[PDB]
Amino acid sequence: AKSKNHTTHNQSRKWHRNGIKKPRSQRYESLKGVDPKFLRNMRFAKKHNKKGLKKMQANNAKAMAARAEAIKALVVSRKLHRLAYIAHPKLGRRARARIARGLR
Amino acid sequence: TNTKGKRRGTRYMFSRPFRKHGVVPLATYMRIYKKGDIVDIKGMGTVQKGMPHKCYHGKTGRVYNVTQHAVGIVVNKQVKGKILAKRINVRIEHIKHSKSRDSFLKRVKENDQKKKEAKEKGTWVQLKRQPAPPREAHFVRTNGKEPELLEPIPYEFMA
Amino acid sequence: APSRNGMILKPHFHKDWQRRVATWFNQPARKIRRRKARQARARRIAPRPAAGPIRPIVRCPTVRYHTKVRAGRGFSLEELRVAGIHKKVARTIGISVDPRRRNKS
Amino acid sequence: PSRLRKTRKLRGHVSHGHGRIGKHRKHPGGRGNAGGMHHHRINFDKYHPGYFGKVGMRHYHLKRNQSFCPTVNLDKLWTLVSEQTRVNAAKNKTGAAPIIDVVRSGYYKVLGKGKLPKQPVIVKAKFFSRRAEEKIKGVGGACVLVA
Amino acid sequence: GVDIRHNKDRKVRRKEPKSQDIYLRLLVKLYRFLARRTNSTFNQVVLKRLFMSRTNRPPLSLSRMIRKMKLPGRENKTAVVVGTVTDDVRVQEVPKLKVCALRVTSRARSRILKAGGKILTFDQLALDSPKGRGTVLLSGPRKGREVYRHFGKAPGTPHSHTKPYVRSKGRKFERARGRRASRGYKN
RNA sequence: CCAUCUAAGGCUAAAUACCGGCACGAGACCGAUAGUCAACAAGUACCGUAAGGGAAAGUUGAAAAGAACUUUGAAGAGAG
RNA sequence: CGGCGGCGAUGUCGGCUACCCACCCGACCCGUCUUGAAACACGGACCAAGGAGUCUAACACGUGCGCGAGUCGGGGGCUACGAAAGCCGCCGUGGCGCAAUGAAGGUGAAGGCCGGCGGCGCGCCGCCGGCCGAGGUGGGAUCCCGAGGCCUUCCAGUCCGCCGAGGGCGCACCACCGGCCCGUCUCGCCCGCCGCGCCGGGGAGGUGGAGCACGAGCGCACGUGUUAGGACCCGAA
RNA sequence: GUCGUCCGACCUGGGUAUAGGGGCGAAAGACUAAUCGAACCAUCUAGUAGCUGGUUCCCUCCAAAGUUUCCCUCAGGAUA
RNA sequence: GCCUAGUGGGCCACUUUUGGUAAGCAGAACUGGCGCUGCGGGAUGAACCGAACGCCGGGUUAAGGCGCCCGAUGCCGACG
RNA sequence: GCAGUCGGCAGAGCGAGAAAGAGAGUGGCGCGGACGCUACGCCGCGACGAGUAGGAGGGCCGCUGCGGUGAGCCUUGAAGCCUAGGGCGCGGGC
RNA sequence: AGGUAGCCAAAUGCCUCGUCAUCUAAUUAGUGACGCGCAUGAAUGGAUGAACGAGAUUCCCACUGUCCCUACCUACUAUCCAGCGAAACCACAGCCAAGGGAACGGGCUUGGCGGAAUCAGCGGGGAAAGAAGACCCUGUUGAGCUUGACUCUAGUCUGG
RNA sequence: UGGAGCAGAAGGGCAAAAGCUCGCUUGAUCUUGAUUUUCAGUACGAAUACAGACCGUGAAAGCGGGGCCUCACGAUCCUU
RNA sequence: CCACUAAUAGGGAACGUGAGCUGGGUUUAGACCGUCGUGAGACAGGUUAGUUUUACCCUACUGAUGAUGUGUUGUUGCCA
Ligand SMILES: [Mg+2]
Ligand SMILES: [Mg+2]
Ligand SMILES: [Mg+2]
Ligand SMILES: [Mg+2]
Ligand SMILES: [Mg+2]
Ligand SMILES: [Mg+2]
Ligand SMILES: [Mg+2]
Ligand SMILES: [Mg+2]
Ligand SMILES: [Mg+2]
Ligand SMILES: [Mg+2]
Ligand SMILES: [Mg+2]
Ligand SMILES: [Mg+2]
Ligand SMILES: [Mg+2]
Ligand SMILES: [Mg+2]
Ligand SMILES: [Mg+2]
Ligand SMILES: [Mg+2]
Ligand SMILES: [Mg+2]
Ligand SMILES: [Mg+2]
Ligand SMILES: [Mg+2]
Ligand SMILES: [Mg+2]
Ligand SMILES: [Mg+2]
Ligand SMILES: [Mg+2]
Ligand SMILES: [Mg+2]
Ligand SMILES: [Mg+2]
Ligand SMILES: [Mg+2]
Ligand SMILES: [Mg+2]
Ligand SMILES: [Mg+2]
Ligand SMILES: [Mg+2]
Ligand SMILES: [Mg+2]
Ligand SMILES: [Mg+2]
Ligand SMILES: [Mg+2]
Ligand SMILES: [Mg+2]
Ligand SMILES: [Mg+2]
Ligand SMILES: [Mg+2]
Ligand SMILES: [Mg+2]
Ligand SMILES: [Mg+2]
Ligand SMILES: [Mg+2]
Ligand SMILES: [Mg+2]
Ligand SMILES: [Mg+2]
Ligand SMILES: [Mg+2]
Ligand SMILES: [Mg+2]
Ligand SMILES: [Mg+2]
Ligand SMILES: [Mg+2]
Ligand SMILES: [Mg+2]
Ligand SMILES: [Mg+2]
Ligand SMILES: [Mg+2]
Ligand SMILES: [Mg+2]
Ligand SMILES: [Mg+2]
Ligand SMILES: [Mg+2]
Ligand SMILES: [Mg+2]
Ligand SMILES: [Mg+2]
Ligand SMILES: [Mg+2]
Ligand SMILES: [Mg+2]
Ligand SMILES: [Mg+2]
Ligand SMILES: [Mg+2]
Ligand SMILES: [Mg+2]
Ligand SMILES: [Mg+2]
Ligand SMILES: [Mg+2]
Ligand SMILES: [Mg+2]
Ligand SMILES: [Mg+2]
Ligand SMILES: [Mg+2]
Ligand SMILES: [Mg+2]
Ligand SMILES: [Mg+2]
Ligand SMILES: [Mg+2]
Ligand SMILES: [Mg+2]
Ligand SMILES: [Mg+2]
Ligand SMILES: [Mg+2]
Ligand SMILES: [Mg+2]
Ligand SMILES: [Mg+2]
């Protein structure tokens, strides 16, 4: 009783019924497999980013003034265009009313 | 059935090109691979260490980890009906920088360079690249000469 | 055969359990009969209390329960001796007696 | 209710929801947990890792009342006493701190999980966690061992 | 003959509550009218949340509701949940809360009402704010049930922190072969 | 060291069990191919040397008022 | 249609269907196993009656109800239908839940700021006090504020409602980063006392865990699925 | 019908003895109540079956697989 | 995201293709079919061509056809 | 989409290409008006409809028995059964 | 140990219808020999051999319907009638040729064609009936028997 | 230009080498995790980049945690 | 192979034809020999003994009555 050994016959149909989805790339991907020395130092950097917090607020409030002051320191046819202006509901309102104000 | 060997059927794939054997040229080793950089995988057979498997040869991926002599790359690999994002470790000899993204970088530099100027001049530039349009109506000058008359050749049995 | 994610179960039904199945359809009948036996006892011992003799205060052993006190089997012979009650007249005037129980405190 | 069962809608269909090719046979695969190491090994390893094998010491006559130690965290520590116990202790000025015996309420050990409200307390337990006692000292208070 | 697939034509979203509760159905009858005849999307989210099962309406504890109304900019404003407001006993101080809910547990009612707060029901919420202005819609943890610890990657695959189904837990219950390096392998 | 009993002799109700038996009561049960094998001359008739096996079979009508008398036929069976 | 016609009481009108018959076209006998049945595959002469996914237990998930950090009297007890229902709380014993981890001994779930003092050589490496205090980033249903504006002769001029550039707080949830707990490993300096010990406690960095990180469970009912039971029904040698 | 034997290891009635992994056998695995390469009866027992057969109302909506890997696996399961 | 039935005997054809003298043979790749599916056409027909189906009226087509069976040339059809 | 059946307590609008108010104040005779709406209902648009194994939904389809209900039916005739009668429903069936 | 005495194409010889003789018109048969004996052989008994045999073969005489080559007669049937009166079997049924088709049709396609109800015969067909193929294979189904199979055990030997 | 050798089958790879000859050695050591390969995206085996030790070697850059790569191997229970 | 003869051609029809026969040979159970096997047993190796069932159904076939029509009947006929 021999039988069929191997095929990949209906498989490309079955893979495409629910689709061959690309894997879900979202930002901030995981850090598994990165170099442990680099990751240990990165965790030390993240552990001490709060240390220079005063320099951040000092330079942030200083950069706010030096740019917020710097912003205000120196500061197709005569038929079809005209009909598109008259038949515009908000632009051609008084000019549309002028037709009746002549038509009386 | 076949064998599940790691280099099965890689006789021409991992072989060196003709008259390209021997010493690896040393600017292969001098290229800077950052995190997130897009590179192409191509297994050099001179170096037997760090060799990618044959299913990664000719695939393009994103570098997620850098070590002394090798990088980790996220590679799309289709496994029947699902595509997995591979975390592979492969040496510097078996990779090369992909040029597919550095023309998009050329396009974004000439697109922000065409947004930031001509805005003060008021005109409108184009940034989305249109496909190859139908050919414009043009005149064809036959100055003097009449178009040469072609006939099919008689069949002669060549050999 | 097992299906996907589920518990591994070991039902103890490999014996002939259906001969020895004890249904409880006589539960309210047992309750009603126990009740009538209780009132028959209470009517028989007419001024003596219905639950029975007085039971002593015992500390439960075995650390889960050793903060809790409960009713023991009987007052011990040294408790009756210090109370000045004969250990044979105690059960006649309604005192439970436990000869087996020591005191340690 | 037999009338809401699937077997009422299966009246008139030949194979009763079990297929014409592979039928409803008796026990195709063995009974119970048969073949858990042989032919159901993939299921047993994929969903029940650690089912086979023998780990750790035996203890022949285990009395579960011996290792009885119900624990309480410090966030539920004031739930053992009434509310007037907390608010009278809050309003008084003599420093008269109430006692919480957790053995009285039914616990043997105090672990310290939550934050503890800022007022003194005397806590009696059979055992204490280190973080529990240091939080009671930090809020101001005492840990009293009882047996 | 048209080449279209009909596998996902029928949406598998609830049109009505499966509950035959007449009080919930009168609430749904109110908020069908509100979610249809108003421009407010709050009323739509309220009506679709009134549809859901009990598991998709997990209870909201007092402390979670305290901290979600504690955020800056959410003062004098009504907490709305379409589930249960339950008591949380690890809470020492309860500030003034204006709450609308389907059910409030009895001790949570005592704590909120002794705190000087108001408990509304949804028919009162509709008469107070017909479009849900001045509302903070909240939910309980929808993964808070213990089924989700069993849900995920199969335990027995690498880096799979999924709780297995055990009859009991102990040293001889699912701890040996696939879980120690000494007993064959570790995942 | 400590703890706990005092073996190799004996009796003892109650709570507990009860598909046999005596007498009952009940039922979201079954309704004569069902329900016990057995609604009835049922562990009967019948079978096997034996151990054993083992049925079928309820219903006129309210009341037998169960058709006197006449006639054909030897009668069964008819017609009145 | 604000257009008309004809036929009518014992021989005619209508009745798609319903009984029989006629004709044209179509049309092989069902069930089953099978790649393939009208098969020279098997079962079926005909009719009536009977005749096959049930019940119990466990688990999983979903859904409904009640109560909810609890929940549950199922066992016991008190007071015709009713062997029911009601009650008990100093009957919650107990189960499951609120805590995990380790083989076990066992242990067991945030911290920062300020005042005082190259001891060392916690400027670094503990304790006295006070204060603030349960993380962050991105997305995120809802919701909040509002530069302006939604005409009826025209300027104001107020209130209400609506819309809105833009900016916010951000539910649940997801992804990532930190943080905390138990096992284990590596490094390293201290802190404690009734007994200063082969004592006890702490830190930094990884790593194993079915964890924590402001609960979600319990009981009941329904439905499916997997089992143990005669186990959908009939069948061995 | 034709045949073997028909004074002897002959034929035959009744009584008696041996009983089921046992008897008895001038031996064919023959006979042991039409049953024998292990009788018959009842029970365990509704023994188990990856194997055949069957599996009972209507309408509506959706709609496959015979492929991967592992298995004393190849007429079967687990897994995707 | 959960739960999950059925399936895990396949077969046929263009093109590629291995063994075999070859096979309505055995074995693969790609895609489409048949199985699971009626309909028009190939006289007939699992798979070929056209085309996929709620119950109907009008119209029109595809692939096939148009002496008669048998709808359609019963055209004063073209050139051999 | 429809709770807007908003009626001498009246004024009968909201299909219209273009974000929003048929807003309100103050200075400069005859007694009338279809239907609807078991909101688990009713109405309107558009696209679609093959199906084995299998899954799900709706059954004013059917049987038996129980709990409620129909001031139900029934010896002036119940169940059952027969019928070239009348019909209904896509059908189960009535 | 290397098969001795004997015997043989035997009931034992593949090649093989062995070679020679004899038997016949003609003999793969029979008998007598021959022995290189696939693979004869001595109480796993060898060789012989009267008498006996419902034992297996070959030839001859005699006799005959065994046959050439069939025919006729008799009894009981069959047949018909009176009385009596079953069973097997049965999807529906029943005329063919070719086609296609699960590769041998009663039905389908295309043709040939087709006429009530019946009797005696008949054995071509119904892949006729009879009995879930006994041959073959599969089953993680058995049973009878054997032993150098695995694991035991009655008995028995031996020691304490 | 490798037409030699690199332990072997074959293929790939290799020339101041990966071959041959010396010198010194024991990275063929201890310990976490991640990954590839077969894959169900499970184990084993094999492999790959890291990291933490402690070493070898070289003037040093470096290189080494077995063999130039593709093969050379083994769960639970038990024993040691 | 003998003999005759004009010649002593080859085939098919489920390798036509067993409810037509026969049963010599294959191919059950009895038994002998050779070879093989420790053995039970095996042998496209010899040898001997070994139950051949049913038609009355439908068709086909062969005969036998008849059947529709000419009004009924009979005689004589014709030949598709
Ligand atoms: Mg197969
Ligand atoms: Mg299954
Ligand atoms: Mg009592
Ligand atoms: Mg179906
Ligand atoms: Mg079936
Ligand atoms: Mg099913
Ligand atoms: Mg199956
Ligand atoms: Mg089953
Ligand atoms: Mg195995
Ligand atoms: Mg369509
Ligand atoms: Mg469909
Ligand atoms: Mg779908
Ligand atoms: Mg004594
Ligand atoms: Mg005694
Ligand atoms: Mg009867
Ligand atoms: Mg009856
Ligand atoms: Mg009976
Ligand atoms: Mg009768
Ligand atoms: Mg026709
Ligand atoms: Mg079948
Ligand atoms: Mg077949
Ligand atoms: Mg069929
Ligand atoms: Mg055929
Ligand atoms: Mg069959
Ligand atoms: Mg039959
Ligand atoms: Mg019936
Ligand atoms: Mg639930
Ligand atoms: Mg009663
Ligand atoms: Mg399940
Ligand atoms: Mg059964
Ligand atoms: Mg079952
Ligand atoms: Mg049986
Ligand atoms: Mg004898
Ligand atoms: Mg024999
Ligand atoms: Mg099988
Ligand atoms: Mg089969
Ligand atoms: Mg199968
Ligand atoms: Mg083939
Ligand atoms: Mg084949
Ligand atoms: Mg099939
Ligand atoms: Mg399809
Ligand atoms: Mg089709
Ligand atoms: Mg043709
Ligand atoms: Mg084509
Ligand atoms: Mg038409
Ligand atoms: Mg035609
Ligand atoms: Mg359909
Ligand atoms: Mg000799
Ligand atoms: Mg002769
Ligand atoms: Mg001779
Ligand atoms: Mg011999
Ligand atoms: Mg011999
Ligand atoms: Mg007669
Ligand atoms: Mg036939
Ligand atoms: Mg016909
Ligand atoms: Mg015949
Ligand atoms: Mg068979
Ligand atoms: Mg058989
Ligand atoms: Mg098998
Ligand atoms: Mg056996
Ligand atoms: Mg290292
Ligand atoms: Mg080397
Ligand atoms: Mg084992
Ligand atoms: Mg023949
Ligand atoms: Mg024949
Ligand atoms: Mg015969
Ligand atoms: Mg013979
Ligand atoms: Mg024989
Ligand atoms: Mg006859």
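By Swiss-Prot numbering, chain D shows 2-148, in order.
According to its header, the structure was obtained by electron microscopy, 3.1 Å.
Any Cβ shown, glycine's included, is placed from N, Cα and C.
According to Swiss-Prot, the protein carries these features:
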MOD_RES   D:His39  (3S)-3-hydroxyhistidine
MOD_RES   D:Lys47  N6-acetyllysine
MOD_RES   D:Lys55  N6-acetyllysine
MOD_RES   D:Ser68  phosphoserine
MOD_RES   D:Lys110  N6-acetyllysine
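The Cβ of D:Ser68 (phosphoserine) has 9 other Cβ atoms within 10 Å, all protein chains considered. Taking Cα separation as the measure, D:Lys110 (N6-acetyllysine) is nearest to D:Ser68 of the modified residues D:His39, D:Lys47, D:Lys55, D:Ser68. For D:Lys47 (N6-acetyllysine), other Cβ atoms within 10 Å of its Cβ number 17. Proximity note: of the listed modified residues (D:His39, D:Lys55, D:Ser68), none has a CA within 10 Å of the CA of D:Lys47 (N6-acetyllysine).
Look at D:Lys47 (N6-acetyllysine): DSSP puts it in a helix.
In terms of local Cβ density within 10 Å, D:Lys110 ranks first among the modified residues D:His39, D:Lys55, D:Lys110. Less than 8 angstroms from a Cβ of chain E: among the modified residues D:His39, D:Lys47, D:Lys55, D:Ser68, D:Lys110, that describes D:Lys47, D:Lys55.
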